[PDB]
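Take a look at the structure below.
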Amino acid sequence: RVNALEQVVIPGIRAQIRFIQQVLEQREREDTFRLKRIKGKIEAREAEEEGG
Amino acid sequence: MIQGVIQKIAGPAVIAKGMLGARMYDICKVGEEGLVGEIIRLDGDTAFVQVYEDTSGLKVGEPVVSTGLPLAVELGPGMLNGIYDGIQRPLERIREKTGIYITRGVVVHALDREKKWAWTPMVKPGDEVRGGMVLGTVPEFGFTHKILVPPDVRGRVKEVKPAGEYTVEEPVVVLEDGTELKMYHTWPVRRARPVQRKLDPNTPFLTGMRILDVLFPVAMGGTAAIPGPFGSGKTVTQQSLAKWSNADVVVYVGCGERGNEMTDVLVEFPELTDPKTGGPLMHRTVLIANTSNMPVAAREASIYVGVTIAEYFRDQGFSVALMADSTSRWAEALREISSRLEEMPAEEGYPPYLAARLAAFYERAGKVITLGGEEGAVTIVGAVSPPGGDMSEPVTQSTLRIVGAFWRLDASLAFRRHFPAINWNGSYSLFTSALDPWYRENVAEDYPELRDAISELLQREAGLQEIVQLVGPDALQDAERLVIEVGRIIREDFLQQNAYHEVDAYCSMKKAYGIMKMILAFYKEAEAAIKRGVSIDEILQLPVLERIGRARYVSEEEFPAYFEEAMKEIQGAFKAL
Amino acid sequence: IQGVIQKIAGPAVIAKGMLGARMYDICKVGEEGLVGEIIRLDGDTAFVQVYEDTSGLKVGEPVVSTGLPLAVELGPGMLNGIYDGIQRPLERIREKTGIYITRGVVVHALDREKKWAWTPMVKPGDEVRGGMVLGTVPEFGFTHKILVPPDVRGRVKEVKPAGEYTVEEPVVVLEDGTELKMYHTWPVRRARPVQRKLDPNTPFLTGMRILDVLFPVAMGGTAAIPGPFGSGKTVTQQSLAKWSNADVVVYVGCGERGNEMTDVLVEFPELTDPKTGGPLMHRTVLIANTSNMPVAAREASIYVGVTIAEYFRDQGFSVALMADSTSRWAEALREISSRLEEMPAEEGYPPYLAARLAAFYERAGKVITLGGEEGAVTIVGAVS
Amino acid sequence: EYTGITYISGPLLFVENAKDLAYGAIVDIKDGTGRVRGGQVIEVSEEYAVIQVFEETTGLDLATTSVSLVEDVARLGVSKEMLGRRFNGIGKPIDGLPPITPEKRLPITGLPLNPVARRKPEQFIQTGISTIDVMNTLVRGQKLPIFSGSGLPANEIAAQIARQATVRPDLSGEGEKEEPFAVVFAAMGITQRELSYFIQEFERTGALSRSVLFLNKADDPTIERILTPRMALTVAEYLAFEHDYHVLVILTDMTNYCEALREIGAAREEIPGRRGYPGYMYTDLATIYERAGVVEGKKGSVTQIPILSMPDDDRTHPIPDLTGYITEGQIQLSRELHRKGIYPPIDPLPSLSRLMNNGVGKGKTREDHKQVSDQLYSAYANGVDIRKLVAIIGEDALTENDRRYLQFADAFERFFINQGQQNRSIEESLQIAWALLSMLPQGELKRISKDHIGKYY
Amino acid sequence: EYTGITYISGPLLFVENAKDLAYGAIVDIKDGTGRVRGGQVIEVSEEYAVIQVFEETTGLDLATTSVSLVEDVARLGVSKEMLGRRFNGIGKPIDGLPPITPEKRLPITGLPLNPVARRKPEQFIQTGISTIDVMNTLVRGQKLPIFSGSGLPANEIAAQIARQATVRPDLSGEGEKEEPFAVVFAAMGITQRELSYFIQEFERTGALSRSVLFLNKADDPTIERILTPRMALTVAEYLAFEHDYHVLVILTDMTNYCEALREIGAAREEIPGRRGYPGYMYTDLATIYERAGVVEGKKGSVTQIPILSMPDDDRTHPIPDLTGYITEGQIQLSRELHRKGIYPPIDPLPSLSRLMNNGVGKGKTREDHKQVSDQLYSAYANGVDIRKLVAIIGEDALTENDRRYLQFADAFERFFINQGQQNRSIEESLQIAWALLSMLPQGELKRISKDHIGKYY
Amino acid sequence: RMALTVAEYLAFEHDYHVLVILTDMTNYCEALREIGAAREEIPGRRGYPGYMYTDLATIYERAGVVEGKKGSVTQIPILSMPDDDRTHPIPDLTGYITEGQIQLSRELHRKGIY
């Protein structure tokens, strides 16, 4: 059990959280980028009242 | 007046221009066939119209004339027996006047005025009336479907029509206040019917399964919820309030129930007969559910027009069981709003309005005495799913797990034979310290004691479970397999129940009481078996374990005499051996 | 300059009437003069990052600006001197506002209302060397050498005899013109010039055997102590600086705890030096920020101290800087960069985190100055 | 012919001088490649409109652009006789002869079917795979997606259902062989092998004179991957309902669907909201699946069989997500039985079923597999699960009792789940099934009744 | 007027002549349905403001829109007669008595206390509990979170211990008649049960004649949610610092508060932080726990206790991460205790106060308390590991010492952790301890002094 | 890229062989990433530039042997791993780019091998 644990199990049960984490995290680049372009629209709209 | 035409038609939504006088969250008439919109934003003379029916031919320069009602639900009789929409349009009238296909721009009466209903007055012309007072009793089947005075309206009577049929539109009591009380009356869907006070839940609701009460108790006047990832038994768990509930008023409403699931479940009610009523199951089911064949924006309306219907019933003085079939569907519909309006929702794919309109739905009605002196109790059960398959998200925490009961499902769990299935540990009930009074007095003064005592054993086996999957038992002892086998029997017969069979479950005190006493017996004696020198191997091989394994098929009526003969066999096939 | 408020979103303010505004410029927004700072200009308007929260501020007010870039204040009074992350004296705040703090507070950054000692260590007709000799202040710590800042090597006129002179009072002026007073202003975002950066070669005592004798980092290291405080770890941090061979200690935190961080402050005069034999408080600079402290207080935290140690370095003192809660420093920065166009892109933190992280260690260590004096800025990085 | 571009990139164009266009309208256009393409007015605007071309832009100059409102609504000519003919996503017949004359020109958007107009079906069919016709019971007007991984076959298994699809003659108590049985196809993205592979098993079927094929290739535009689905199903509606025939519709490559769905997802205005895919996705998988259902007053039916091909074996992936919920009763394929050589490689252990005692297993559907389904479940489970539990507890450790569990695993799976070119009738199933069930003594066989046991002894 | 409307996305409203109006104001808006609505005036421009309606989102119209400027600065009147009042939410009559009396005006948003005038704790509170007075030691003026789960009920174990608490500082030499006690409860998102279950218990024994209540209903919008703690925080100030009272803040479910915030910020053009939760949180969470503590020269102090919910109690969630820096020490409720039915669920093992020596000292809690706390720690902990060895190897095959360490754990849950609503003193809890420890020999007593062993067994 | 181009001159033309001993590419990614975070090339792959390879293309291009001229230019990248795992782009993308790899592990570090 000792032998086994220090190899396949333990860091493997780690790398699972890590892999998960990173992909959850990176997904939220697209969130911000989209949200950016959303912002751009909103301001662009109130900038046609006062200009072009 | 409110007038204007279509500026930019994009998706099911229409963005209007020229809107003058338009007010927020108010019903409209849209296009030229009548599709009915809602003002869900203003920006001066443009207002984003959200159109509940999908668009398909509508174009620029077409009418947009708002009615000026605050998406009012039309309250009156004819609710019982008859399918309706989540947007409240009777499906009876659609099928007969179109065809078998749902077409856009079908507009018919929300509350039929192609019906009349026998009037019995009660109120006298010499009296005054009060908000929340009974004007007479309309007889709708075996139920008592009173007629009440809309809250915030009173006067002094001067006439009251005498008995006869009258159309719901015609008055039946008139007043000196410039008004006429009709059986056709507006109440907003954004404003709740007023309550006299809130009461503390203290009677439990019997949801007639021996695992959705006995182990995790649910309250009457409560709120509860069950989830279900990716079709694990999300739809099936309402076959457990189909008729094994104690409600006198059953409201089946779905945010979106797909086509295949109304091929069996929706047709199930005119093909059944409820035993509590003594009469038909559809007499006592309102039906105001929405299909997914029905447009995406009709899914968003659903909830607020059926919750008020639930209040209308609660007021009369009847137990109301409201259950929103897959409440998860209103969230996608709400979430589509953002896309179309140029906004971006709450991060990680969560809907843009979280707590605000979820907490509101649940607490709209629930354990409240009325203006009119009657006992209102609303039992609401959200049958959500996590869209991404995570049971850790805002909307589960705020109002789907902080309620009376929280439950869970696994995927190979339900497949063995548990329909529906629950996680023994990971599932709790918050309300359980307030459901102890009635259970003490009515059932027995050891019903609250035995139900905590069964739950203890069920969750203590978990202790060993882990080690089994770590390196195993290489040593079987007398104290080992004790908890382990017992608990086995308990998960095998007490949590494997079916909702498709009336012998595997049913609403009955005595069945729950009974089964749980048999298991108590087997358990009791086992602890004193081992001490004497009785191998757990032989404990399996008593036929009495099999006697408790044939209590989940037993006929309901037969059970009393059955139970009494069987309690004796345990105690005889233990103390002897 | 002087301008007018246009928007208020959040704690931040945005105000036009700015033009010819410097970058990292002194801003005192409103008629309340909330301690703020001009940043990244846009159009004929600017974005203004206001440390202190705004909630009484109305738009359209006058905004007074100095028109000179914010700098760190360096003079006497710093040894045995309590200050925060804006660098105001937290106890003269207690006397002039009471127990509670009501925002828009501005007081001098050093004790300038005292009359401080002086002795001339130069005369007229001689030339000064930058980073060294001007005149010393005798204090009850050791001494504190009030030296002229770098690149000022010119001739001096009029050096006044040893006595007592306020910080704002002059004792010296230059023959070639350009006047100077005992208080000196040095840029927050720049570090002083050196001649070599040396190599570390004098061991850094910590006063407990195992710590330094087994694992030395010597004088000019960079170390770390991980795991959160409250495990009795704080034992290590106090005693470290307390025993350790130096002549000045600077203690600094940022996002540190509640009451546990106020135990430290009162127990600080109750720590005792081995060299002087009296309190450590005599020869300690505080610039700690708690966590009730303003938004960007904690974010500016670091930089202050760095600079301040370099002053004591140039003098020929050994300093011992203790960077508590490096991990919690990042909290503020995330918040600020969210509300701007420096949005997250790394992994739950902005990618300008690594940039602001480095410089704190890069600009410290054991090196020789323009003044030719040695001293060290040993850092111990409690990440926590 | 309206000229004046503003944005062109992909099958989404924007062009001005418009307000005469309606939602869902056939226009035509001109391009610089000297060709006339298509366009559905998916969205409409103040003095422009969003157009969706039925072909990829590979050339379109700003000197020459055109718009001509052909028709106000958008439609396809559909007639009674079109069986025996092949078609493509454009909607031209690929046969080589003049295009047939309509009877109705029905919209391609789709008209939903009333939930009131249906009623519970109960007439079962032979799929030629035992496992389905016992456990889930595939009846008319019911969906049953066959979940398929990526790196897994999808084509192989599909073919088995197409040549062994057949009503019971009176094994259920009746037939529907008295009315013509026919099949409809429509592929949404197919390569070089999948093209011919399907066609040569349809000559096995003997059906190529009574089937309607709406083949969409990957050399065919990417925009027609989501047009064709709706389109195909309207030619289902026409022939099952209004000409009373039991039509089997089989939809495959609902991952190539999802590729095209994604495109419009982010390239249009709308933002992602289903973990990096659209939020109007729901409607896109609703309008598709919810059409199908046996209607009460009609003899005929649209039986839809979705065949997925979803990326890997994730279950958080958009596709299996929504699909799960939608369908009532499901079937899965995995890689447990695809390393053994067992075609099909159905695995019901993680799989789920929601209709098997819900108007099925009772009614005009036999009750003699009623208790069998319930039994097979917990019995098959005892199997698979402990195969895992053995490698932890010991390396060969299994007790008297658990020995039996695992004994019934290897056996059931081999015999039963290898069908393929072998057809088993309702009777043939149950016989064999009970004889593997005799491996467990009485007490695990509590669920089967006294009758059942002897019945199929 | 203030006419001009642009965006009513949800509970937004814009108004012209935003230059008189300010940031951090609160205002009456006039609408044609006759409704009176507050709403803080946020994101002000010189043309456009943002106001956020304290009543629903229905009745806003573009015909009647006006704004009565109340006062630009955040306001809220404070009274000293708040010591027997009862109020829900912001501060609205549930006692039927006037809401406020102006004896002073303090905002709900200011800048907390100098640390130069912050004293440390030196007294103690008795909640009448064991484990939160022995193993972890809460004292007068202390920061200390109670980490609950969402599966678990936050809310019960909150109001239980609420009314139950009666200060006791006899041993220090200060009475209950030279120490007043004020219990402040501020909740949010409470259901219909929870909203009535509280008021009842509070009214039961006197805990509402010597306390003031707050609890923000679930029918109320998410904008009022936020002001709820900031409200009761500011009241706690005017009592303890300015009349010498010792208050106890009990916040309940922090998550709901942070959810709400997120929607305000998203419409105030900011990006949320990690796990999709607010990143502008750090500051706001700080001011609520850092505007409590002791004061130099004032005997009073606000003691801070928040309660939060966590889906699985992990640290991966932002919700504990943030908190855990600004607060000292930790209490956390685990699943294992609660399931079996033990109240409170508090496990002493994940827990540890960071301050227990910088609170009370020797002779103020009896001198033996100190070492008897690190006895019981090690005695318990040893036994929760041989409960999963109670039947593998057994306890009959185990040492004498370890056999006692089993039974010890069991009696610890029964008698020490659990006591329900019964009260206890420092002295009666140390009594329990001794009895349990007599069972262990003197040879197994090594975590106390020779003085302590000879003090009692 | 300065070190690189500079060397190409002296390398081929003057005919002297040199070996460019390049150290931590970590600090390369780090600094690079900031820039694309205000011009909106949105760096991320796992939180490191997704435009990484693009820039490293020219920089590591001269690392083989030319024909004609003698002397050449050879890259020797030297960089740590934040984890053993080859998932994160610090070793992963670098892997693909360059010609094979040589790890020193920690498997012998642990023992006192040097």
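Chain C residue numbers are taken from Swiss-Prot; in order, the displayed residues are 2-385.
Quick reminder: no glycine exception, Cβ is built from N, Cα and C everywhere.
What Swiss-Prot lists as ATP binding site is C:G228, C:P229, C:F230, C:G231, C:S232, C:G233, C:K234, C:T235, and the listing cites sequence analysis.
Structure coloured by features recorded in Swiss-Prot.
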residue: C:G228; record: ATP binding site; contacts (Cβ under 8 Å, 6+ apart): C:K234, C:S385
residue: C:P229; record: ATP binding site; contacts (Cβ under 8 Å, 6+ apart): C:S385
residue: C:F230; record: ATP binding site; contacts (Cβ under 8 Å, 6+ apart): C:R258, C:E261, C:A383, C:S385
residue: C:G231; record: ATP binding site; contacts (Cβ under 8 Å, 6+ apart): C:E261
residue: C:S232; record: ATP binding site; contacts (Cβ under 8 Å, 6+ apart): none
residue: C:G233; record: ATP binding site; contacts (Cβ under 8 Å, 6+ apart): none
residue: C:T235; record: ATP binding site; contacts (Cβ under 8 Å, 6+ apart): C:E261, C:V265
DSSP three-state assignment (helix, strand or coil) for C:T235 (ATP binding site): helix
C:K234 (ATP binding site): tally of other CB atoms within 10 A of its CB: 14
DSSP-derived structure type at C:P229 (ATP binding site), helix or strand or else coil: coil
Short-range binding-site residues relative to chain E, from C:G233, C:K234, C:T235, with Cβ separation under 8 Å: none
